[PDB]
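Take a look at the letters that make up each chain.
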Protein chains: 2
Amino acid sequence: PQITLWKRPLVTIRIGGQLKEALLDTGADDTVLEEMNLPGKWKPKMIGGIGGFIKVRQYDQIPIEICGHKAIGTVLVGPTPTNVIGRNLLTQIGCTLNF
Amino acid sequence: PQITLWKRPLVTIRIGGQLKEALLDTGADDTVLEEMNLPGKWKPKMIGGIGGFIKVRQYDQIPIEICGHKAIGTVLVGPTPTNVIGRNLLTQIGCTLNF
Ligand SMILES: CC(C)(C)NC(=O)[C@@H]1C[C@@H]2CCCC[C@@H]2CN1C[C@@H](O)[C@H](Cc1ccccc1)NC(=O)[C@H](CC(N)=O)NC(=O)c1ccc2ccccc2n1
């Protein structure tokens, strides 16, 4: 589908048996999700952005469905005010920017 | 043009009569550029990102050429890791997400 940018590009995602709203973010290298108790091993990581860095937990090979499109990859979990779908997953669902 | 996301979506912009590189970011509501001198008066403002809030200078009605396309809107200048072109300007050039 085609998504206009008049409003934040929020879509429904499915991860770890849960439905959430997430922001399609072409400006994010990674996918960062709100704090959630996912099972499995994780490794500590530090990621940054505008106001500085935050500590997050890195989970690998997590199945995730974005707007009905299946994907699988690395997700970072931490204290973020919003769920962000970064380029690592956007490329998997064939997402492109057009103008 | 159609831009894939395997690499960061960086484009060249011309502003204040000078060239710079910026990121086309669908996740950003506003446009934030690295510290630089811009004609006109500015107003102190604060914006939040991942990591926290920062103090920026707000310049209104600034003309900016993005990859050959003209736009005129609000631009925020402050201590940012990279130049980000947000939705306020992306909408002006007719940018959309597609998959
Ligand atoms: C620019 C501003 C208007 C303030 N908006 C935002 O920052 C909003 C805020 C929203 C609410 C909080 C959670 C994030 C979302 C999306 N972001 C947009 C969002 O696109 C933002 C843009 C950006 C890119 C690079 C540097 C700074 C800022 N990206 C990010 O925050 C992603 C997060 C990540 N690790 O994937 N950062 C990076 O992709 C990234 C890349 C290289 C870097 C080098 C040095 C330091 C930091 C670096 N961060």
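Check the entry above for the structure.
Parameters at a glance
Residues numbered from 1 in each chain as written, not as in the entry; some residues may be left out. Chains lettered and ligands numbered in written order. Heavy atoms only, no water. Residues with missing side-chain atoms left out of burial classes, pairs and counts. Salt bridge = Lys/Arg side-chain N within 4 Å of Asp/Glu carboxyl O. Helix = DSSP H or I, 4+ residues; strand = E, 2+ residues; numbered from the N terminus. Buried < 20%, exposed > 50% of the residue type's maximum accessible area, 1.4 Å probe, protein only. Near = heavy atom within 4 Å. Polar contact = N/O pair within 3.5 Å; in protein donor to acceptor, adjacent residues only side chain to side chain. Areas by Shrake-Rupley, 256 points an atom, 1.4 Å probe, with all protein chains shown as cover. Nonpolar A, V, L, I, M, F, W, Y, C, P; charged D, E, K, R; others polar.

Colleague: If you had to explain the pattern of salt bridges to someone new, which residues and values would you point to?
Modeller: The final tally for this structure, using the stated rule, is six salt bridges over all chains. For the salt bridge of A:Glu35 with A:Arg57, the shortest nitrogen-to-oxygen distance reads 2.4 Å. Of this pair, A:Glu35 sits in the loop between β4 (32-33) and β5 (43-49) while A:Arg57 sits in strand β6 (residues 52-66), and the two are 22 residues apart along the sequence. We classify A:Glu35 as exposed; its relative accessible area is 52%. Residues B:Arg87 and B:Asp29 are paired through a salt bridge, measuring 2.7 Å at the closest nitrogen-oxygen approach. Of this pair, B:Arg87 sits in helix α1 (residues 87-90) while B:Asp29 sits in the loop between β3 (18-24) and β4 (32-33), and the two are 58 residues apart along the sequence. Several salt bridges share partner residues, and in doing so they unite A:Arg8, B:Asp29 and B:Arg87 into one network.

Colleague: Quick one: what's the story with the site of the ligand, residue by residue and with numbers?
Modeller: The local shell around the ligand holds 25 residues, among which A:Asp25, A:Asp29, A:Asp30, A:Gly48 and B:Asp25 are the closest. The site occupied by the ligand is bordered by residues of chains A and B. At 2.7 Å, a side-chain N or O of B:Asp25 approaches an oxygen atom of the ligand. Contact with the protein chains removes 86% of the 890 Å² of surface that the ligand exposes when unbound. Residues of the shell around the ligand, tallied by class, amount to 10 nonpolar, nine polar and six charged.

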